[PDB]
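Structural features, examined
Spelled out, the chains give:
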Amino acid sequence: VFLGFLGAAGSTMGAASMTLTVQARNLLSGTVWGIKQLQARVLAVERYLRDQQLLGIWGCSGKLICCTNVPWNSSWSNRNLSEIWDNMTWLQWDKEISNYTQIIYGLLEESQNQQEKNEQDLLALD
Amino acid sequence: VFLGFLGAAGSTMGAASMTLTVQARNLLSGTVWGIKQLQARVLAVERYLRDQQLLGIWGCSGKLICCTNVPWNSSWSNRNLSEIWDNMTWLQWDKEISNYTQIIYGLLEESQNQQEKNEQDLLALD
Amino acid sequence: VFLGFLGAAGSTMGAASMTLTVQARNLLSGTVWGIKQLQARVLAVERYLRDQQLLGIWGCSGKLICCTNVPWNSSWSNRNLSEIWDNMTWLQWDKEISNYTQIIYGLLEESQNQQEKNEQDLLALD
Amino acid sequence: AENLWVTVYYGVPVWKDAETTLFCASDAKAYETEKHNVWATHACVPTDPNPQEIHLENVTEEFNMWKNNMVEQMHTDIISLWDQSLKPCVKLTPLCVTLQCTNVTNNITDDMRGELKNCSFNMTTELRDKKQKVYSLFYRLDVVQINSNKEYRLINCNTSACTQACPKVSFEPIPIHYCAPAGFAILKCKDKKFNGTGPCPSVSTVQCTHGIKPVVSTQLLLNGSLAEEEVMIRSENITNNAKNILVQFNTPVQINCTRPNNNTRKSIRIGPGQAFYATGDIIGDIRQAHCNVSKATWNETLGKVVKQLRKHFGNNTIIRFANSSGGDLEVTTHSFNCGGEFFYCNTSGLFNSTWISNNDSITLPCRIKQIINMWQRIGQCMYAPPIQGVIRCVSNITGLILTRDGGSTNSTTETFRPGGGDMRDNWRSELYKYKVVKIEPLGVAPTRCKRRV
Amino acid sequence: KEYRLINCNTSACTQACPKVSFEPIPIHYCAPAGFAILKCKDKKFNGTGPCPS
Amino acid sequence: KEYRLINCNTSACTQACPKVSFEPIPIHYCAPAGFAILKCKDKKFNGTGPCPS
Amino acid sequence: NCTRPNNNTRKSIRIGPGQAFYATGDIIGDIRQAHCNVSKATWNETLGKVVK
Amino acid sequence: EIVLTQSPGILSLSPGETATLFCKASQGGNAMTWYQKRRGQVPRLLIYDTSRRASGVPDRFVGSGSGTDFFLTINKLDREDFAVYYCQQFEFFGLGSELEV
Amino acid sequence: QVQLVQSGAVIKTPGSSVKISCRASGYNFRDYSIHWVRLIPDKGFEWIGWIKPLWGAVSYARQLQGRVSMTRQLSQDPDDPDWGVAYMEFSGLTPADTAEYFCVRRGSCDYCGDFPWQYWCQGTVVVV
Ligand SMILES: CC(=O)N[C@@H]1[C@@H](O)[C@H](O[C@@H]2O[C@H](CO)[C@@H](O[C@@H]3O[C@H](CO[C@H]4O[C@H](CO[C@H]5O[C@H](CO)[C@@H](O)[C@H](O)[C@@H]5O[C@H]5O[C@H](CO)[C@@H](O)[C@H](O)[C@@H]5O)[C@@H](O)[C@H](O)[C@@H]4O)[C@@H](O)[C@H](O[C@H]4O[C@H](CO)[C@@H](O)[C@H](O)[C@@H]4O)[C@@H]3O)[C@H](O)[C@H]2NC(C)=O)[C@@H](CO)O[C@H]1O
Ligand SMILES: CC(=O)N[C@@H]1[C@@H](O)[C@H](O[C@@H]2O[C@H](CO)[C@@H](O[C@@H]3O[C@H](CO[C@H]4O[C@H](CO[C@H]5O[C@H](CO)[C@@H](O)[C@H](O)[C@@H]5O[C@H]5O[C@H](CO)[C@@H](O)[C@H](O)[C@@H]5O)[C@@H](O)[C@H](O)[C@@H]4O)[C@@H](O)[C@H](O[C@H]4O[C@H](CO)[C@@H](O)[C@H](O)[C@@H]4O)[C@@H]3O)[C@H](O)[C@H]2NC(C)=O)[C@@H](CO)O[C@H]1O
Ligand SMILES: CC(=O)N[C@@H]1[C@@H](O)[C@H](O[C@@H]2O[C@H](CO)[C@@H](O[C@@H]3O[C@H](CO[C@H]4O[C@H](CO[C@H]5O[C@H](CO)[C@@H](O)[C@H](O)[C@@H]5O[C@H]5O[C@H](CO)[C@@H](O)[C@H](O)[C@@H]5O)[C@@H](O)[C@H](O)[C@@H]4O)[C@@H](O)[C@H](O[C@H]4O[C@H](CO)[C@@H](O)[C@H](O)[C@@H]4O)[C@@H]3O)[C@H](O)[C@H]2NC(C)=O)[C@@H](CO)O[C@H]1O
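Residues numbered from 1 in each chain as written, not as in the entry; some residues may be left out. Chains lettered and ligands numbered in written order. Part of a larger assembly, values for the part shown. Heavy atoms only, no water. Residues with missing side-chain atoms left out of burial classes, pairs and counts.

1. A word on the overall build of chain G
Quick reminder of the rule: Each helix is a run of DSSP H or I of at least 4 residues and each strand a run of E of at least 2, with the numbering of both proceeding from the N terminus. Using C-alpha atoms as the atom set, the radius of gyration is obtained and then compared with a globule rule of 2.2 Å times the number of residues to the power 0.38.
Along its length, chain G carries one helix and four strands. The secondary structure elements of chain G, listed N-terminal to C-terminal, are β-β-β-β-α. Here the C-alpha radius of gyration of chain G, 20 Å, is well above what a compact globule of 52 residues would show, namely 10 Å. Seen along its three principal axes, the alpha-carbon backbone of chain G occupies a region of about 60 × 25 × 10 Å.

2. With respect to the overall build of chain D
Looking only at helices and strands, chain D has four helices and 30 strands in total. In terms of principal-axis extent, the alpha carbons of chain D reach across some 105 × 65 × 35 Å.

3. Quick look at the interface of chain D and chain C
Put simply, the rule reads: Every residue pair with non-hydrogen atoms within 4.5 Å of one another is taken to be in contact.
Counting residues at the interface gives 18 residues for chain D and 16 residues for chain C. When residues of the side of chain D that touches chain C are traced back to their parent elements, those giving at least two are strand 1 (5-10) and strand 5 (55-56) of chain D. The element contributing the most residues to the side of chain D that touches chain C is strand 1 of chain D, with six residues.

4. Things to note about the sheet that holds strand 14 (residues 184-189) of chain D
Picture the strands of a sheet paired through backbone hydrogen bonds; they go either parallel or antiparallel. Using the following cut-off: At least two DSSP bridges between two strands are required for those strands to pair.
In space, the five strands of this open sheet follow the order 2-29-14-16-5 (chain D), with antiparallel pairing throughout. The sheet is open, and its two borders are formed by strand 2 (15-17) and strand 5 of chain D, each paired with just one other strand.

5. Points about the sheet that holds strand 1 (residues 65-71) of chain C
Spelled out, the test is: Orientation is described by axes fitted as lines to C-alpha atoms, over the contacting stretch for helices, and by angles from 0 to 180 degrees between their N-to-C directions.
Strand order in the open sheet formed by three strands is 1(C)-1(D)-30(D), and the pairing between neighbours is antiparallel. One side of each edge strand has no neighbouring strand; the edge strands of this open sheet are strand 1 of chain C together with strand 30 (442-447) of chain D. Strand-to-strand, the axes of this sheet are offset by a mean angle of 30°, without reference to chain direction. Sheet topology note: the strand 1 of chain D/strand 30 of chain D ladder contains six bridges and is antiparallel. Within the sheet, the bridge partner assigned to D:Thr7 lies in strand 30 of chain D and is D:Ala445.

6. A short note on the arrangement of the chains
For this structure, the chain pair with the highest number of contacts among 13 pairs of chains in contact is chains C and D. Regarding chain B and chain G, which are not in contact, the minimum distance between any of their C-alpha atoms is 24 Å. Separated without contact, chain C and chain G have their nearest C-alpha atoms at a distance of 26 Å.

7. Structural notes on unusual backbone geometry
Cis geometry marks the peptide bond from A:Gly62 to A:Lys63, where omega comes out at 5°. As for its position among the elements, A:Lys63 is in the loop between helix 1 (32-57) and helix 2 (82-85). The phi dihedral of D:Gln219 falls on the positive side, at around 55°, and the residue is not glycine. With phi around 50°, D:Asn223 is a residue other than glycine that occupies positive phi space. Mapping D:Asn223 onto the fold places it in the loop between strand 17 (220-222) and strand 18 (232-234).

8. Focus on the environment of C:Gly10
Take C:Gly10: it is sitting in the segment before helix 1 (32-57). Residues in contact with C:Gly10, not counting those within four places in the same chain, are D:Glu57 and D:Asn58.

So, in structure tokens, the structure goes:
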């Protein structure tokens, strides 16, 4: 079924993790007024690129869902699988992990370059 | 051989599918006049990103040629392989499939997220 | 250890090839003054995209380190491995290979599309 | 293995020298200044609460402050910024009129000329129908004898037009930071003995410059950042007399300045909306504008420049100091703003010395103008409104813009004189630490590696 | 019995072009990309607090 | 025999700066990226219809 | 080929301040008439081309 | 002060030949400027910054030098090249070398 | 095109002063220094000094100080405001001051210094 942009707001993080390509979709394309238009037109690509920037300095240029090699520090959440994917919503979930998102991102940054520096060595010997 | 940007305009879709990296190349880098320059400079990245947007919400961030899992509805064209790749040109070909390009894109959108939601399950069990 | 943005300036190309994700990081996010801000805000995404443009028309959207199929013309440098990775710095190294970087890029451009045009044939037969 | 393959690198630490549009940064207290006064502090982005400048170890960089852009950019930003401010501010078109002026009420000795002319004139009214004879006070420099009546005119009337600065604005120099765009760095020579040109061993990248406030002043430059060890004397070509010398002090020499007269301001309705701020009665004594510096410290600091100068002209050399040769009031005198009015202080007393190989203060008089023609103005001028009350400012002297006499003859007596003229020198004086570069992260180099099939 | 236009002591004056119109025409405030506007569809809302619809 | 400048009843007047020039200098109209300009190189084209070259 | 044969002169009038009107001063020499010349031969030739 | 010593005082050559003129400065490290002065004519800048040709100066004029020793070379001499040549650094001047036919 | 035009030749008696003018046009007069230089028979060139038109700041050859004064006047023509005139006055003349006097200006390129004079007035001969 097709709900709409942001339609799975109050949906469980499992059901909301279905409709990802819809929120990712309506995110780019869509003299007084003339200037408003221009610093809104750049703001949208700046804000968009800053996310692709992250996905790219991780390994997740795929993208949508992307697994990684940094293990989940229980201190961050510690909740069980069911009670976040089949229970909580992303609006809710965001505020819990909010305290360490940038610290989590740092774990990701080092881990990706570590992968690359390694994979060169594999293709080097083989 | 090297024809030039758009040189394979009147070339067959097979021969034109060789020189893809040339059209993809000359596509980014290249107070009255000052404003003209600015809303042309943003227009070019907006228009460019909107294509990368599509390739990314499909699986084709590669890119150039990218195969997929949505099968060709004969209703769209129904022509044989030879008579489009070794015959028709993209200028010509575009106008035939033009009636359903956005409907075709929708088939692609769901298919990619479907791949991701699946591939997580593989790495999950293994 | 963590040096800082550009910290491995006078470091060997091996040690500088560790901290790549730091220079790649601080590269996007960070009425007289108002106009200055705007043509600096676009300049940064134009300049950034022009690099992603290259990585993408090669196979290296990964990215950071990316191997390829164009072999090293000794005429370009001819120095041994040790004396560039465990010796020279990128500031230094850049000025040597500077004379042919755009010629080298051209070798890359054809090589990628050549890969794609080939890989379609593999998935075609299989 | 012998066969090498190029593998591309993204995020490589390397830069090419550049030019680009930078942008300004200021702090929250600048907006707390409110009163609609500071220029461009509002459109200006903020600073960083925790600024970081990453030192780059093992790298040297060839600086040149005499072939920089961000001082030309700054100089320009300052002229524009200023000129955009005057658009709303009222035009003094009808003030260009045949004045009928006398001297101010005073009993001074004949030798002492009258510098305050009480001028009455037919001014315009809120209504086109009428007129109004009204009086104001003008400095001798703001008027010219036109021609048994003693009648005058505002000096701009034949050169340029005139526009009264809004009193709801401020001339105070507040610190500006020049921040780079993304993928652009600013490199900072942290060497504490650098003359501004050549390889710098100690270098650091940084987003924004330091707080560079735009003090526009001739002769001595004020309130600037000072050297860490020695009094550095910098120039493009020292041997050539045509090029000026930028002296950067090591110790601050505090110079107190003032307008002793308790001046008063009345407002005249040009109408409608237009309103000229005349100079009203002088409450109290009629005294003279001036500045004081310690004769002790000036002695001390002028001794420091000489110790440095002999490193360029010989150990057995005489280096005396002389006053200006001659030119415009803009350059023949230490010019500055102080409390909102413009000063013109005679520097003869400071540059009047002699130096061999081996407890009061310096009272130095000043003049004051209201219709000013800064930055080599040609078609436009600006009337700086009377600032009510008594005015005094306290400032450090950070440097000098000295000039040597080219007569030479290989004499060990080459003297110096204070200069000015081009105002890029002032920003040149603060921006010597900085350089702007274009970041290029796409490295390509061979390592024994082929990509898969 | 002589008079003046009242603005003469307060402000200046500029005659609106008759080739202009004062009619209020409907405006829509559209957001940029990656920006949403959220609309309280509750038909008893006082403007402050949690909106269910 | 008294006269007036002809503009006085139709319009206002503004003196061109002599420090300016009226000489027509060649301009090129360049396109943005992902935009092309197509040039009919046919030496007998009347401006409307299919151009082979 | 086109021309204004008169050696015209310009004086500058101070409207003041900054404003300055450029008046037309004395005419030095003869008072002639502005004009343009084209070859009657070529015009004949080229007007024949348009007719064809 | 800088003392510039030019040599030779007079150089005698034919059209088509190459002339070499010398300027020795009493102090090293500065760049050199050269002027041409044809008889009865306004002096003309030829070379600045030691080797850069001034506006409209043909490429047969070649400036070079280093330290204290500087040179003006005039290739394939033209009739117009016969003139007096002066060197300069800052406000200081050589006394000139005459190139004669 | 830059143009420097000087006043005509003059005969001066010893003890006189001479005032030479240099009308400069074809560029923004305030943006470039003007120098004066004299070519003396049997002695060569002698730099006299420079003036910077913005403030009219000056520098005089040490050996001539007390005998030379340089000033300038900026155009007062609203439709032609960028040219100007430089003046040099030379006093206490003797026969040894018999020379051709030039006003000169540097080139406007990036590597042009202050002393390489790309532009020269036609010269003014002064006979004392
Ligand atoms: C001159 C010029 O051009 N420069 C100006 C400049 O003037 C100005 O900056 C000023 O400079 C002047 C001169 O350089 C400064 O004046 C000097 O200031 C000190 C003042 O001492 C300070 O603290 C004193 C208190 O002493 C003690 O007490 C404290 C409180 O009880 C305690 O914490 C301490 O321990 C301390 O030690 C002992 O003393 C107490 C009792 O006081 C005792 O019980 C303790 O147990 C300790 O034993 C106080 O005295 C004073 O007010 C100040 O706070 C003075 O010593 C100097 O005074 C001497 O010289 C005067 C003239 O020079 C002369 O009249 C006196 O007789 C003294 O001999 C002198 O004033 C000044 O502070 C500073 N002014 C300002 C405004 O900051 C700046 C400003 O624009 O610009 C320059 O360009
Ligand atoms: C000129 C210029 O442009 N320069 C200025 C500059 O002026 C200024 O710096 C100043 O420079 C001047 C001149 O160079 C200095 O003046 C000179 O100072 C000395 C003063 O001597 C000092 O100490 C004297 C006391 O003598 C003795 O006593 C002590 C106390 O009792 C004791 O410890 C000693 O042992 C000492 O020896 C003997 O004498 C005593 C009795 O005094 C005896 O019982 C002992 O047993 C010993 O035998 C005292 O006399 C004096 O006040 C000072 O503290 C003088 O000698 C000079 O005086 C001579 O020249 C004067 C003119 O030059 C002339 O009028 C006199 O008649 C003398 O011949 C002279 O004044 C000055 O100190 C210094 N001023 C300042 C403010 O620091 C700076 C300042 O801005 O700038 C430059 O640009
Ligand atoms: C009108 C209009 O709007 N159109 C203009 C247009 O005018 C112009 O182009 C011009 O047009 C006019 C008219 O159409 C032309 O005028 C006509 O020209 C011929 C001139 O004849 C030519 O050669 C003649 C010489 O005759 C002989 O001699 C040669 C040399 O000796 C020899 O080689 C030959 O064999 C030839 O034959 C015999 O004659 C000689 C003696 O001459 C003999 O010994 C031999 O053995 C042979 O027997 C010479 O006569 C003449 O100069 C010219 O070179 C004339 O015949 C026409 O003259 C007649 O009509 C005149 C008015 O129409 C009238 O006055 C006369 O009395 C005659 O009856 C007539 O002039 C003209 O050439 C041409 N002009 C120009 C400039 O090219 C163009 C130009 O812009 O624009 C149009 O829009």
